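Here's the structure, in structure tokens; my notes come after.
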Amino acid sequence: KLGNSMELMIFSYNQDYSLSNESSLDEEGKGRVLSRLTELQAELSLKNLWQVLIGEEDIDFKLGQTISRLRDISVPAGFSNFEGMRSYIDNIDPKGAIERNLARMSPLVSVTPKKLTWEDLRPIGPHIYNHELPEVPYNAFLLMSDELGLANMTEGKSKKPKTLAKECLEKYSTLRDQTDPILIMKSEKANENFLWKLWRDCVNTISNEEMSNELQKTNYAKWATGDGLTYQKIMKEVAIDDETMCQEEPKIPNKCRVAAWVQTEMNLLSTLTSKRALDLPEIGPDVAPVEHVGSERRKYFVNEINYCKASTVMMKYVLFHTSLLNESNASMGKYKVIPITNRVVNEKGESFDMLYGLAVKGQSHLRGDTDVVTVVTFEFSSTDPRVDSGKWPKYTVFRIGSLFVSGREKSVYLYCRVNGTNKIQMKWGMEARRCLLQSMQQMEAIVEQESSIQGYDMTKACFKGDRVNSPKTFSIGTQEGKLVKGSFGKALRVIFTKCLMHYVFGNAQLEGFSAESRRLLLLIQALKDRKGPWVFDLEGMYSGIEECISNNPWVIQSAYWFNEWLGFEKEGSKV
Amino acid sequence: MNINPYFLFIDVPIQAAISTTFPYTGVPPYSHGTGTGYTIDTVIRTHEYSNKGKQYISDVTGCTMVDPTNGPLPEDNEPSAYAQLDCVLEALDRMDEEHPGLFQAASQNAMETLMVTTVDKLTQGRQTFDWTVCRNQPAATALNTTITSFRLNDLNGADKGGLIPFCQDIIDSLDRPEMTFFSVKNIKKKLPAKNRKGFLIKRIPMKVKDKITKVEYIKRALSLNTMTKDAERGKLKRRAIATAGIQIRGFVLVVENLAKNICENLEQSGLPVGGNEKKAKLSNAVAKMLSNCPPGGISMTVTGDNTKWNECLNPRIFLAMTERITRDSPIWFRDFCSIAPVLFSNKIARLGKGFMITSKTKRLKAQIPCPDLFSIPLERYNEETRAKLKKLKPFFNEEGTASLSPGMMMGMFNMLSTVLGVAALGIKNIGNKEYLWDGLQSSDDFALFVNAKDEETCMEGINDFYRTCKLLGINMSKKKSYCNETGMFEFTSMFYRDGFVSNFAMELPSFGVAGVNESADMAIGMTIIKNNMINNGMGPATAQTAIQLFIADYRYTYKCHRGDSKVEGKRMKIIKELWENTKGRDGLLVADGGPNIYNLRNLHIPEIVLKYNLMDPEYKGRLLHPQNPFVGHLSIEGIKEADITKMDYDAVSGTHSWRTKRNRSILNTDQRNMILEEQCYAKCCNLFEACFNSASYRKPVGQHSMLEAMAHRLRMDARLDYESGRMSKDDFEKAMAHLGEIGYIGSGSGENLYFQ
Amino acid sequence: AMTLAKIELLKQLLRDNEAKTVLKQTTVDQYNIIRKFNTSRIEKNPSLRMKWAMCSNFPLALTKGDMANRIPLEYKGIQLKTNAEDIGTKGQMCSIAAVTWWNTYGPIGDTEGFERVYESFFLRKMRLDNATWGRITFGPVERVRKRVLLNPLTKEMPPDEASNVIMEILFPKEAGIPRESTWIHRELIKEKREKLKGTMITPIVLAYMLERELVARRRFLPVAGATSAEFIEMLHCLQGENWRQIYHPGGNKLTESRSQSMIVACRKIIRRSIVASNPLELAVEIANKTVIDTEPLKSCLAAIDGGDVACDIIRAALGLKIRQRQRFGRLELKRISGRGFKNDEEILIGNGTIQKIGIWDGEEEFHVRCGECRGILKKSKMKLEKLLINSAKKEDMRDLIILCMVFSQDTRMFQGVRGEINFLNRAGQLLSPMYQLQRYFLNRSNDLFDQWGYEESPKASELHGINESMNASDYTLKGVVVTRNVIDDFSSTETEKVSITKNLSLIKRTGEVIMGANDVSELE
RNA sequence: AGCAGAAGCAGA
């Protein structure tokens with residue numbers, strides 16, 4: 001209010017002061033004032049009058065033309081202006097309106113309740129049983145049960161990936177020197193020459209004195225990764241006048257039927273082996289009693305998973321996506337070669353190094369998240385692809401050689417495939433270790449519940465069995481139409497596999513399926529405990545689930561397992 | 001022997017073993033391409049459920065408006081938006097005499113809150129649509145652009161400080177004939193390239209000045225920017241969400257604070273609580289409804305869920321809710337609350353980026369914008385897009401936007417929509433019949449508890465409830481929901497079985513790396529394990545594993561493996577030399593290739609404090625160097641809180657507490673001019689912090705100018721520093737002279753008046 | 001001195017015409033807006049972005065300075081940092097190795113006082129080291145979802161008070177107002193001052209680390225047994241759903257320290273003040289000049305948000321909020337619905353005497369607690385329509401049912417009175433009608449349950465009824481029900497202002513009372 | 001080609 005017309009002199013009762021530098025008030029006078037002010041402040045607070053005082057230093061909101069007229073048109077139907085709605089709402093009495101409005105509404109508006117019974121619950125997704133459709137193919141990123149690792153003894157410490165790939169190929173020279181193969185099975189639109197001439201260029205560039213693992217920018221590689229296949233960005237003005245330019249009818253996932261290989265995958269991944277793959281680092285010393293129990297439990301839980309086959313598969317996916325994400329950023333526009341690495345330890349405590357195949361990296365100028373790098377996967381395998389012909393339409397397979405597995409020979413097969421992934425999947429690949437926790441937490445809860453009842457640690461009792469209690473037995477699966485019993489450790493490996501399979505085939509079909517199926521599972525739980533469950537639109541639930549099933553293998557096999565689980569609950573419900 | 005995982009559920013019940021049903025290790029679906037197709041779909045779907053009502057043209061905006069409220073009552077089970085004002089008012093009248101004094105008290109506290117709430121409260125709202133540039137900016141930016149923009153039109157509102165005069169200017173800015181504002185325009189500059197054509201478009205942006213007409217501005221103010229929702233779990237098809245403008249925010253927070261002050265004093269609300277506080281208050285409320293089960297009678301629970309919740313509601317209903325809720329409060333506040341609905345009642349919907357067309361023969365592609373979307377024969381679009389554009393026609397506007405009166409755009413009035421869903425539960429009984437209902441409500445997700453003599457009568461109570469919901473513009477999902485006798489149900493994705501069961505897989509994504517920095521992510525990862533041990537039923541063995549699984553991935557993420565291992569890398573080469581140089585190796589951090597000391601017992605304690613005494617004196621002096629170069633200028637929000645989907649962690653100011661580049665940006669956009677804009681504010685703030693040491697901690701208050709203050713402060717600092725004996729007469733008169741100039745500089749009006 | 005160097009920099013900003021118009025136009029208020037201002041896009045999925053960027057060449061951003069230049073360009077064929085200067089800052093960037101190099105070969109820094117700065121964290125390590133670990137016990141534990149303090153404090157205060165302490169520690173010139181109930185922590189301030197003097201760590205951090213050990217972090221947790229911070233911090237290890245673990249801490253005695261004393265102090269001020277006439281005037285003149293250790297009782301009762309009843313009574317007498325709750329002897333009630341008119345009437349009771357009672361009229365509902373048992377009440381005019389309780393201690397399950405039947409004012413309660421009921425308190429004064437009925441029915445419980453009568457039990461899965469003996473039965477008391485489901489804790493977050501009577505009874509603004517003097521606990 | 005899935009990436 002004064003700009004800089006006068007020299008201000010601010011004094012406060014509670015000992016504050018603001019003054020100019022050029023002002024000529026000495027320390028003497030400043031005292032006289034501030035002392036007198038506080039002297040009055042004390043005499044006010046003593047006789048209670050300090051909050052009453054109004055000092056020297058001591059609501060309006062209305063609307064304009066535009067917003068008023070906006071409000072006036074924002075009323076419910078029937079009303080003229082806002083002032084009408086305001087004064088209506090404030091002064092009228094609406095009692096008894098709901099009852100009148102419900103009465104004059106049509107009875108067609110209802111929930112249509114029907115009590116839930118067992119024969120109402122038909123199998124979900126009838127089209128998977130039909131043989132006329134083609135069976136679901138192997139659409140995962142890497143091989144799982146069909147893998148084959150090339151072994152190698154090592155000193156027992158980390159080493160570069162090219163040096164590891166060289167030493168592994170050095171030992172098995174019969175396979176490395178193959179420049180004269182036999183063709184087994186082919187894909188629909190693939191090329192055998194370019195795929196094989198890649199593989200040879202991978203082997204040559206790996207097995208040499210040089211440091212650089214860069215693959216040369218060859219015309220056979222240009223096709224395999226996809227060079228110049230992007231559509232060029234022309235301007236909008238040109239596209240409008242052009243008539244042949246249209247919005248393409250987008251591809252729907254092709255409808256497929258059940259396949260037997262997913263059952264086999266679930267079986268073989270759950271099975272035990274002598275190998276142990278996990279790379280879990282150390283922790284601190286176990287001081288507290290709880291930490292001893294946790295470490296005691298871990299020894300059983302962890303190793304029971306570690307021995308299993310799914311654990312060996314998991315660490316392959318992780319360390320591959322770990323190195324793939326690194327190469328995609330450091331060398332963006334360079335055709336590189338990456339090996340399929342995994343470290344292993346066996347029962348005796350000796351260090352092995354595995355090599356399941358090679359992988360050619362494509363051009364990875366990745367700006368966005370969804371942007372797709374193209375990877376070409378060359379993988380070793382014992383399995384013959386002509387056993388299940390419908391399993392390998394996407395893959396191109398070669399026959400390179402033979403290996404002494406133990407007693408008799410086994411045929412070696414190199415599985416070629418053009419593949420793709422993105423920064424997202426590479427991130428979730430690195431964080432795919434957590435399948436342990438999802439499965440382990442579930443089984444640890446069962447142990448704690450058991451230990452709560454009796455009053456001591458039941459970890460030993462559940463796995464192996466001890467003095468009083470027998471081993472804990474879960475219903476693990478079926479054998480041509482009857483129930484089968486399995487041990488505690490097997491149930492851990494089953495759930496751990498399921499958890500891993502969520503990542504392998506993780507896409508929109510899985511998320512949408514598991515969410516809608518979970519509702520139907522809860523209804524089946526209500527029937528088991530006898531809680532008289534009710535449903536409103538049963539076909540609505542089924543219609544929501546059935547559209548999720550198309551070409552995702554785990555979804556289709558889960559649908560088959562669900563219907564078999566539903567059928568064996570009907571038999572169990574009658575008793 | 002064939003294996004089956006679902007057979008697990010024979011021995012174990014499903015709720016206790018629900019963790020297995022959620023595939024949260026797996027990859028969620030992301031957004032490919034544009035979201036215009038989904039945006040149009042929702043624009044239709046919203047109008048589809050309200051097409052029977054009155055259609056009319058807005059005299060202000062000049063758009064196609066639809067109004068289903070007090071419309072015809074439906075004669076079918078398809079979704080309905082045709083709410084009845086009379087019913088909503090009765091539901092509230094029922095609710096008021098149940099909780100007498102609530103409605104006026106919530107209006108008092110929300111008002112006495114507003115009276116103090118300052119403009120800067122708007123700063124904390126993450127994403128915001130900045131009308132000045134037609135792009136999504138971060139809150140505090142959109143605010144500051146609008147503040148400076150307003151000053152050009154002589155709208156000095158933010159200067160006063162309070163939110164009221166700022167919102168006064170917002171509704172006064174709609175009256176302005178010509179709106180001048182600060183804006184960004186790109187400059188299409190050319191460069192040489194060795195790629196096919198032989199040239200390259202390097203887009204440089206700079207700060208310019210653009211003008212707009214009254215009508216065009218109102219349209220921009222009422223706009224909402226749409227997009228596709230990334231990583232949406234538990235759903236097959238992708239859906240599109242929206243973002244709000246900076247103008248409407250001011251009025252929203254007042255109404256959401258009012259609807260909060262209602263929902264706090266409601267037992268059936270599952271809001272605004274979070275974490276265990278929810279689990280507790282729910283288990284309390286579950287009992288409150290169980291108890292109503294009369295003698296010799298059955299109690300049932302409906303696992304509720306609403307479809308087309310955000311699409312079938314209507315601003316006009318919410319507008320009545322405020323005018324009801326505020327009854328006793330004075331006029332200005334009643335007018336204030338009325339705005340936030342109105343601006344949604346007359347809202348406009350942006351249509352994203354637009355579709356793209358191609359030709360497989362010539363291998364060419366081209367983007368089709370929203371304005372030039374119909375300038376093209378309809379046959380050239382595909383079958384599903386054609387039908388969408390056909391029904392979009394009347395609601396479409398010629399400058400690339402869609403009119404949209406109904407709907408609430410994918411969530412915004414979350415609190416007050418719960419109040420409406422609660423008001424439905426507040427009826428309880430119809431026709432003096434032989435049943436009673438109550439329930440739990442949380443936005444779209446609800447859970448009804450119906451009590452009756454027998455379960456046949458319960459269905460008639462559910463049927464009446466379903467029918468009463470239709471009157472309020474709420475659509476219960478026949479397709480998805482279900483019901484059963486009391487014992488177990490679902491609610492906000494939290495399952496019940498004689499008590500709310502724990503579920504681990506839900507929180508599984510958080511266990512991984514956070515993505516802030518080495519020092520922070522460590523303490524975060526352990527704090528997640530610590531919380532999940534207590535809250536979500538994780539045992540010690542899983543927790544100990546989760547420790548390993550974090551450190552394992554942590555090392556591969558940040559490339560900081562053990563010092564005694566031969567993992568060859570760029571950083572790892574230096575770690576090995578550090579491992580050899582140092583004697584106290586157990587005291588090293590994991591980021592410096594040290595060992596993981598963490599275990600269940602010491603999770604709550606930070607890494608640096610655990611190992612401090614075991615470090616070398618030379619190592620800690622570098623690790624914890626006071627003036628180290630990697631931190632930068634700190635804020636209290638940066639050290640304490642972190643982003644997860646927010647939470648607060650604990651850590652030390654170490655060298656590993658560093659920050660990122662300023663995320664790249666899209667294309668060769670040389671953002672030189674705009675980066676100076678950022679630094680210009682920073683340097684001022686950085687100098688402001690030096691003058692006013694507090695600043696970062698104590699948010700300072702003053703209507704006067706920043707400079708004007710810094711002059712007056714730096715004066716007095718010199719005054720004191722002369723008396724106490726820090727500066728001499730020569731250095732003092734230097735300052736008083738230098739400042740003298742700064743005064744003349746700070747009271748001019750244009751040039752700096754240099755001299756010779 | 002720095003003073004002059006600021007002025008020179010300010011003048012150098014006023015050369016640039018853009019920065020001039022910032023400082024001219026933008027307000028001190030708006031400072032808080034422009035500091036958060038940035039360009040950029042807040043990118044979704046930062047964990048994805050971190051893994052991606054960490055693999056790249058130069059993800060880190062580096063602050064310019066003399067200390068930045070001591071980092072070299074290369075080291076044994078490795079690129080640490082980059083030259084490419086951005087035109088705005090004239091500034092730089094660096095790689096992951098740049099930090100690792102600094103920790104290896106960088107310069108020494110003055111790390112003196114570091115222990116005292118982050119003292120609040122170091123006290124957690126002190127607790128873990130010296131703590132002895134007891135035996136483990138496998139058994140089912142019922143976990144009460146309680147409101148609890150997460151982290152132990154040096155001295156509990158509210159944010160409003162603690163800030164003005166923090167100010168006078170670190171920023172004594174800018175603090176401004178000399179407040180009443182703020183400075184008197186002069187022992188703590190002068191202590192912190194000398195401890196945090198030699199260090200040269202950024203103030204903003206010091207303030208945050210003071211706030212961590214002066215402000216309450218109170219959240220809801222599933223808790224059983226001990227309810228003290230130094231336990232709660234370890235809760236993850238101390239207990240789970242299906243197991244337990246004993247633990248004894250560093251053992252310096254905190255949190256409970258003031259909580260326990262404040263209770264006793266207030267209770268004992270009451271017992272003395274009740275007797276002599278005008279208890280209020282004595283309770284004030286006493287509590288004003290009482291002390292706990294060094295703090296006057298005013299600041300303790302105000303700062304700590306715990307207490308029992310006597311605390312809240314003494315609070316109200318002095319003049320601060322207490323908590324929006326209602327108490328009746330041992331019973332606790334939080335209003336969840338309804339509102340009633342306490343209306344005077346002449347009432348006949350069972351024994352045959354006329355007592356002048358006030359009658360609560362109107363439909364009501366209440367969340368109710370007593371001891372270890374919690375539940376929900378519904379009543380009307382002289383009628384207990386419904387009551388619910390949870391499986392807990394039978395002594396308290398009984399008391400809860402009784403005390404609800406008392407305040408419900410059910411006619412069946414009034415008719416069940418037998419004999420005379422002239423009860424007195426400590427001072428020798430006549431208790432008011434209902435406070436009399438309380439102690440009669442707690443003593444003679446069996447007379448009530450016979451008069452009440454029985455009805456059918458509700459057939460809902462997780463419910464069952466009870467009888468005179470407080471045992472499971474198919475019969476149930478008219479209205480009362482028991483449930484298997486566990487119930488929420490007490491839970492009373494919000495706070496309210498209250499007035500007080502001559503007889504140390506607390507009156508809500510409406511006209512009713514919530515906390516009576518007679519409602520305290522005798523336990524010493 | 002391939003990832004993928006109602007629309008994009010396969011350098012700008």
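In the structure tokens, chains take letters A, B, ... by order of appearance, with residues numbered from 1 within each chain and ligands from 1 in the order shown.
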If we count only C-alpha atoms (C1' of nucleotides), which residues of chain A reach to within 9 Å of chain D? Please list them as a ChimeraX atom specification. /A:189-190,223-231,249-253,333,363-366,370-375,418-422,508
Let's have the selection written as a PDB file, in the first residue's frame, with C-alpha atoms.
ATOM      1  CA  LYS A 189       7.414 -69.677 -45.070  1.00  0.00           C
ATOM      2  CA  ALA A 190      10.984 -70.249 -43.833  1.00  0.00           C
ATOM      3  CA  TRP A 223      16.036 -61.582 -44.072  1.00  0.00           C
ATOM      4  CA  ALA A 224      16.257 -63.594 -40.848  1.00  0.00           C
ATOM      5  CA  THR A 225      16.050 -60.523 -38.588  1.00  0.00           C
ATOM      6  CA  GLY A 226      13.834 -58.449 -40.893  1.00  0.00           C
ATOM      7  CA  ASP A 227      15.737 -55.658 -42.639  1.00  0.00           C
ATOM      8  CA  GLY A 228      13.768 -52.765 -44.105  1.00  0.00           C
ATOM      9  CA  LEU A 229      10.387 -54.434 -43.558  1.00  0.00           C
ATOM     10  CA  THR A 230       8.933 -51.379 -41.788  1.00  0.00           C
ATOM     11  CA  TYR A 231       6.362 -49.302 -43.664  1.00  0.00           C
ATOM     12  CA  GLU A 249      -8.705 -56.076 -40.885  1.00  0.00           C
ATOM     13  CA  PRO A 250      -6.638 -56.974 -37.792  1.00  0.00           C
ATOM     14  CA  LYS A 251      -5.658 -60.573 -37.136  1.00  0.00           C
ATOM     15  CA  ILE A 252      -7.706 -62.579 -34.635  1.00  0.00           C
ATOM     16  CA  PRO A 253      -5.940 -65.396 -32.734  1.00  0.00           C
ATOM     17  CA  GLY A 333      22.239 -51.276 -34.494  1.00  0.00           C
ATOM     18  CA  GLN A 363      18.363 -54.745 -35.079  1.00  0.00           C
ATOM     19  CA  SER A 364      17.295 -53.212 -31.766  1.00  0.00           C
ATOM     20  CA  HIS A 365      16.779 -49.448 -32.149  1.00  0.00           C
ATOM     21  CA  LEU A 366      14.289 -49.532 -29.278  1.00  0.00           C
ATOM     22  CA  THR A 370       6.287 -52.183 -27.078  1.00  0.00           C
ATOM     23  CA  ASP A 371       8.976 -51.937 -29.782  1.00  0.00           C
ATOM     24  CA  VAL A 372       9.925 -55.440 -30.899  1.00  0.00           C
ATOM     25  CA  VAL A 373      13.458 -56.786 -31.244  1.00  0.00           C
ATOM     26  CA  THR A 374      13.688 -59.869 -33.479  1.00  0.00           C
ATOM     27  CA  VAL A 375      15.691 -62.799 -32.074  1.00  0.00           C
ATOM     28  CA  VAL A 418      12.524 -66.802 -36.036  1.00  0.00           C
ATOM     29  CA  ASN A 419      11.268 -65.185 -32.822  1.00  0.00           C
ATOM     30  CA  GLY A 420      10.567 -61.833 -31.173  1.00  0.00           C
ATOM     31  CA  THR A 421      10.291 -60.074 -27.819  1.00  0.00           C
ATOM     32  CA  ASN A 422      10.258 -56.589 -26.271  1.00  0.00           C
ATOM     33  CA  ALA A 508      -4.093 -61.016 -22.426  1.00  0.00           C
TER      34      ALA A 508
END
Using DSSP assignments from the backbone, pull out every residue in segment 91-282 of chain A that falls under alpha helix (DSSP H) and give it to me as JSON, numbers by chain. {"A": [91, 97, 98, 99, 100, 101, 102, 103, 104, 161, 162, 163, 164, 165, 166, 167, 168, 169, 170, 171, 173, 174, 175, 176, 192, 193, 194, 195, 196, 197, 198, 199, 200, 201, 202, 203, 204, 205, 206, 219, 220, 221, 222, 223, 224, 225, 236, 237, 238, 239, 240, 241, 260, 261, 262, 263, 264, 265, 266, 267, 268, 269, 270]}
Taking the backbone alone, and naming residues the way the document does, which bits of segment 140-259 of chain A are strand (DSSP E or B) by DSSP, as a PyMOL selection string? chain A and resi 147+153+182-185+214+232-233+246+257
Who sits within 12 Å of residue 264 of chain B, only C-alpha atoms (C1' of nucleotides), same chain under 2 positions skipped, as a count of residues only: 29
Expected answer as a ChimeraX atom specification: chain A residues within 9 Å of chain C, only C-alpha atoms: /A:14-16,287-291,325-330,369,423-424,426-428,445,448-457,531
If we count only C-alpha atoms (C1' of nucleotides), which residues of chain B reach to within 12 Å of chain D? Please list them as a ChimeraX atom specification. /B:29-38,41,193,195-197,199-203,236-239,354-358,365,382-385,666-669
Using the selection just defined, write its residues with C-alpha atoms as a tab-separated table (two decimals), in the first residue's frame.
chain	number	residue	atom	x	y	z
B	29	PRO	CA	-0.84	-56.65	-21.63
B	30	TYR	CA	0.36	-53.22	-22.77
B	31	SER	CA	-1.10	-50.67	-25.18
B	32	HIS	CA	-0.23	-51.20	-28.86
B	33	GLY	CA	-0.89	-48.23	-31.13
B	34	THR	CA	-3.63	-45.65	-30.72
B	35	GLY	CA	-6.52	-45.71	-28.27
B	36	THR	CA	-8.92	-43.82	-30.55
B	37	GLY	CA	-10.76	-47.03	-31.43
B	38	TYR	CA	-11.47	-47.71	-27.76
B	41	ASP	CA	-16.24	-47.24	-28.43
B	193	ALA	CA	20.97	-37.65	-43.61
B	195	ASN	CA	18.94	-42.63	-45.00
B	196	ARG	CA	16.93	-43.34	-48.16
B	197	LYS	CA	15.56	-39.85	-48.85
B	199	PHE	CA	17.31	-35.46	-45.39
B	200	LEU	CA	15.99	-35.41	-41.82
B	201	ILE	CA	13.35	-33.41	-39.92
B	202	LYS	CA	14.86	-32.28	-36.60
B	203	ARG	CA	11.95	-30.73	-34.68
B	236	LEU	CA	-8.77	-59.59	-21.81
B	237	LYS	CA	-9.68	-56.52	-23.88
B	238	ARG	CA	-8.00	-53.14	-23.45
B	239	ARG	CA	-10.01	-50.12	-22.29
B	354	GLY	CA	-6.34	-41.18	-34.54
B	355	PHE	CA	-6.37	-44.22	-36.79
B	356	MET	CA	-3.70	-45.34	-39.26
B	357	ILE	CA	-4.14	-46.66	-42.81
B	358	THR	CA	-1.74	-48.71	-44.92
B	365	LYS	CA	1.71	-46.02	-43.95
B	382	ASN	CA	-12.49	-51.90	-41.80
B	383	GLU	CA	-15.82	-53.42	-40.79
B	384	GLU	CA	-15.66	-52.75	-37.04
B	385	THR	CA	-14.23	-49.23	-37.39
B	666	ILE	CA	10.55	-38.83	-28.25
B	667	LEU	CA	12.41	-38.27	-31.54
B	668	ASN	CA	15.34	-35.96	-32.34
B	669	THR	CA	13.35	-33.24	-30.59
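With distances restricted to only C-alpha atoms, A:61 is the closest residue to residue 337 of chain B from A:568, A:61, A:554, A:356.
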Using only C-alpha atoms (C1' of nucleotides), which residues sit within 8 Å of segment 187-195 of chain C once same-chain residues fewer than 6 positions away are excluded, as a PyMOL selection string? chain C and resi 113+116+165+168-170
Can you work out which residues from chain B touch chain C at a cut-off of 6 Å (counting only C-alpha atoms) and hand them back as a count of residues only? 44
Counting only C-alpha atoms, figure out which residue out of B:597, B:450, B:343, B:727 gets nearest to chain A.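 The shortest atom-to-atom distance to chain A comes from B:597.
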Nearest to chain A by atom-to-atom distance, counting only C-alpha atoms, from B:716, B:516, B:745, B:370: B:716
Contact residues around residue 419 of chain C with only C-alpha atoms (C1' of nucleotides) at 9 Å, ignoring same-chain residues under 4 positions, as a list in words: residues 350, 351 and 352 of chain C
Selection: 7 Å around residue 10 of chain A, only C-alpha atoms (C1' of nucleotides), excl. self and same-chain fewer than 4 positions, as a PyMOL selection string: chain A and resi 17-19
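Atom CA of residue 341 of chain B is found 11.8 Å from atom CA of residue 73 of chain A.
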In Å to one decimal, how far is atom CA of residue 282 of chain B from atom CA of residue 536 of chain B?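 Interatomic distance, atom CA of residue 536 of chain B to atom CA of residue 282 of chain B: 16.2 Å.
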Can you tell me, as a PyMOL selection string, what residues are no more than 7 Å from residue 348 of chain B when counting only C-alpha atoms (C1' of nucleotides), ignoring any on the same chain fewer than 2 positions away? chain B and resi 219+222-224+346+350+401-404
Counting only C-alpha atoms, which of B:5, B:638, B:62, B:330 gets nearest to chain A?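 Among the listed residues, the smallest separation from chain A belongs to B:5.
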